[PDB]
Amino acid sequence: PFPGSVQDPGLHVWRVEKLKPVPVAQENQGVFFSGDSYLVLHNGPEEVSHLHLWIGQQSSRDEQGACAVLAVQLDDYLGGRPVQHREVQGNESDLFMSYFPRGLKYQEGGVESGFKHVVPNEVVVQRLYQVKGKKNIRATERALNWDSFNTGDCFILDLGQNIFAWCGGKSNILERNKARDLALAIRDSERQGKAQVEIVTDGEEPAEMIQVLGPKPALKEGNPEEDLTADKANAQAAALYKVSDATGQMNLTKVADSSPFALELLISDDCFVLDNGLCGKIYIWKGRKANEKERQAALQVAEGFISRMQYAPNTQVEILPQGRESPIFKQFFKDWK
């Protein structure tokens, strides 16, 4: 029941937690929480071994009992060779004391070391929806990428505090209004507080709309290919997301949901999460000039993906720094490699 490598040379320290002897962090040794009891084992191998039972002053009697029991669990695993001593807090032994040069530090109450103030920072999810339905209206989430837009329809860009009803040139005044409504829906209905809605016309996009999508290209006419709303897309089901706090916020944006991804999507100042969780892996690409929070966050959304979509909880989350990308990972247009 012990970390096992106890025969190894030197001094070993463990804080009896519940009934489990936890190895005391090598740095932290010499500081004893008085509410607990400890097992400190000093053996100079080609010398004698000494198992010392340190008793916290604030340690309950029987919480000491358990430690005593752990002592023998140990002494036994070492064939009785060890010499055992019951060191009380504050009245230790010259030999025990000799284990700690610097000296001894006793703590009371307080929180375990490393205790942290855990704050759930908001993450703004930028979404793009494609409005459809002459009669009854229904908007479908699309990836925030110009490949998603066409001139015949209206789209809703929910970019956090700013929401846009972008309307293609060849779209109706009607679709424009449904779009306007759905957008108002979000702002208002969907948790009111502070969000400004703006109707945008094909060609006159605002600065934000470009900071997100990038310089506008030429867009696709109306409805091409011969399938219906039957298939998700055409081929597979892998999606690419971007994680960046560049705005002082932390935003997650689906930047692609197509088959061959464009390498241009991978920006060096961010982290991305290429979700292939459906058939196996969920990669995380760490761009050279990205920060820790972005890295830490990308991990968290890869987990949020496994939950949300119900992937085998034992799906592999592979991190890949930039340049050091795995060959499989290169699920991008050609030239990736």
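All residue numbers refer to positions in the sequence shown, first residue = 1.
The stretch 183 to 191 shows the higher mean C-alpha B-factor when 183 to 191 is compared against 126 to 134 in the entry. Comparing the deposited coordinates for 102 to 110 and 227 to 235, the stretch with the larger average C-alpha B-factor is 227 to 235. The PDB entry assigns the greatest CA B-factor among 16, 320, 317, 25 to 25. Between the residues 30, 287, 280, 304, it is 280 that shows the highest Cα B-factor in the PDB record. Per-chain ranking of the deposited C-alpha B factor places residue 70 in the middle third. When the modelled residues of the chain are ordered by C-alpha B-factor, residue 43 sits in the highest third. Sort the modelled residues of the chain by CA B factor and residue 82 lands in the highest third. Per-chain ranking of the deposited C-alpha B factor places residue 115 in the middle third. Sort the modelled residues of the chain by CA B factor and residue 215 lands in the middle third.
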